[PDB]
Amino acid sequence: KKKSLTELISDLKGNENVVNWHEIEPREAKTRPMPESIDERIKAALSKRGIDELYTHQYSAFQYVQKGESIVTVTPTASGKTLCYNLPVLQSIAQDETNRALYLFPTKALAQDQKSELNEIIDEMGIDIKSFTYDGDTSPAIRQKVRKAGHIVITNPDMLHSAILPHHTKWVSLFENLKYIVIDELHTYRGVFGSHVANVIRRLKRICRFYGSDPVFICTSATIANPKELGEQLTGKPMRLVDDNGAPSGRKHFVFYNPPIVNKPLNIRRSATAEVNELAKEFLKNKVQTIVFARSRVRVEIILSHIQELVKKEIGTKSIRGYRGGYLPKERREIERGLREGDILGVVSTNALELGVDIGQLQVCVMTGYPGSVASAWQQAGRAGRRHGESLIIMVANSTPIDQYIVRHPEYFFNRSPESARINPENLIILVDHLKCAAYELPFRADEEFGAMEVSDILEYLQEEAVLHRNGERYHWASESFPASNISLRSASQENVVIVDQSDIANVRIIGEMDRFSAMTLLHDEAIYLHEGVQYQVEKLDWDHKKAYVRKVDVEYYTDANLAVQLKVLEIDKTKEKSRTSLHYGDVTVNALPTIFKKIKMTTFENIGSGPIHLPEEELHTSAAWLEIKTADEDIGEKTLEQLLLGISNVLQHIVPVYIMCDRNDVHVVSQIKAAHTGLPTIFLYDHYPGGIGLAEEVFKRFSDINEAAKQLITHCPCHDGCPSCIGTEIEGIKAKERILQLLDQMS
């Protein structure tokens, strides 16, 4: 016992199950001096916490933005990313106190964090710079003061859409003196949400043009493939990308781990959960600060329970905490603060800590399986690192085909560049909604460009629908309606369910939240809800009022459930037949039958019983485009057919979002071996947004191009048969590429 971190690294270097060891070289801090033009008060205030020099990226950001060139920097929060935009903004306000700035954060909690840091930095100076947040949580009594006195206004894209722009006449103070627009995590604004936010930015730019100000955009993004391009397409201005990371970095060991095989005939490996529990045990017992990511909320709670039980003998009780989005605000702000100050030794988290919140800088990262994407893997890995010491990142794979392929071929992960962020701000639905909003704000002249080109046709269409009216050359708002209130930027999300502890009537308290869709299987009438190790049992799920009345409970087991998802075609309104192929387009419904739930003993993971789930069949009514394979009696084997359809669906999931310029989560591609109406093998592609937003329609239009791009992708990737980047490894035969390509050629 009593080992150090280097001793633990050696014990992992040898005598282990490691399948790859990737060493990331240290980096000495590269710096430039504090600019002379910086206000003396700001230089003294930055002497606090030892910021007498600037990193190369911080200095480069300040210099680019001083000239007026908009920038996007790929700088982690640990490398001093907030200074890259706080320095120019605070400098500009210190020079001329009449200057203002908008900060755009993807969440309200991040806005609060940035306000707090800005308040500290400002208080260290002698200047009276007022910063405020203006979001749905801002009480309306203070909003009047905020519109007037706020030098720095910290908002959401959603609040900007819904509150600030449609009431620009109430914000004249900053729109006339706007110098900087900060966008904190650009990569979150991708896909359909990214399209909405791009149009919101267009409206903000026209508002700023009206008040005679052309602010400069300072953006931050994660390490995606196209940060400069996403920033340019999102803000509509040319961007200067800031690459170099002048922050100091130590040695980093990113290691691949494959759990041992427990039975050789049945060919079954040990759970990544158990190996992760024991690895984090050996690291936490030696007082090494560790983060553990897991793929789901239930598995996060499982790992918390196991780790705390097997570590409290040596470490104690109050050193390991959990983290997931369903936690209360106060509760997880406390968790973040504890991780930052260093008095929380370990944390078991979902992907929620991929967000650039300031939780300090961990020593060890343990991933329970591949996070899902290369970008997520690298961002999860960046949570472990030191200014000068060493750090480990253990990716413990599980039984997934993708995990096992990443294990058996580590060069496939280390050579692949991160994924790309694609938006299409010219989606007809989105562009029409935001054109109505923009016309409500300012009368929209016909020849003035909104983004790329002119858009007089949609203006004429809106005039025809009694919503706009042309006077001279400008289209005025001709409707009694407020458009911004009817348009949600992220209409995927709905109201959440609130978890209410009724354990005693005198201290009834709200303990957490959960999205409505997940509560069907996680909060049903007898489920067990695990809140950071605290056990509750759902007494009753008030589904219509989105409430879950629960009580405190101590049991041996936990609850899990899975949804039986079926898809039905309603009416087929478009179709195209070609030999052994027929591609239809129509309306479909996605039903989720809850069926049953399982009791699983927490300690042994054994099944100890089951139960029923009486909940309404949640259904999505949405447009879809499907292809079915017309076959002769000279058919193919059933299981071979399911494998082939699975491969085609993988290639479609790869190609469709790339060609239609959306995100992988914006469209769902499902496969059926025998559809209900036809009995033929069918692949459906449908956008999950309510009602639909033209993704399936564009897929039906360009499906021939999609199939050709799919064939090209299958032919050109350097794989032996299939990889997760093309058709997948689940195909068992030895001629996977050939069979899939034949089905594609037959699908002309």
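Throughout, we count residues from 1 along the sequence that is shown.
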**Request:** Could you check which stretch, 618 to 626 or 79 to 87, carries the larger mean CA temperature factor in the entry?
**Result:** 618 to 626
**Request:** Tell me which of 582 to 590 and 532 to 540 has the higher mean C-alpha B-factor in the deposited entry.
**Result:** 582 to 590
**Prompt:** Checking the entry, which one of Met514, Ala384, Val467, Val262 has the top C-alpha B factor?
**Reply:** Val262
**Message:** I'd like to know which of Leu362, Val146, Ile636, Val216 has the highest C-alpha temperature factor in the PDB entry.
**Reply:** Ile636
**Message:** Split into thirds by Cα B-factor across the chain's modelled residues, where does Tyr55 land: lowest, middle or highest?
**Reply:** lowest
**Message:** Please say which third, lowest, middle or highest, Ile122 falls into when its CA temperature factor is compared across its chain.
**Reply:** middle
**Asked** When the modelled residues of the chain are sorted by Cα temperature factor, does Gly451 land in the lowest, middle or highest third?
**Response** highest
**Complete:** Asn267: CA temperature factor from the record, placed by chain third, in the highest
**Asked** Lowest, middle or highest third of the chain for the C-alpha temperature factor of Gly346?
**Response** lowest
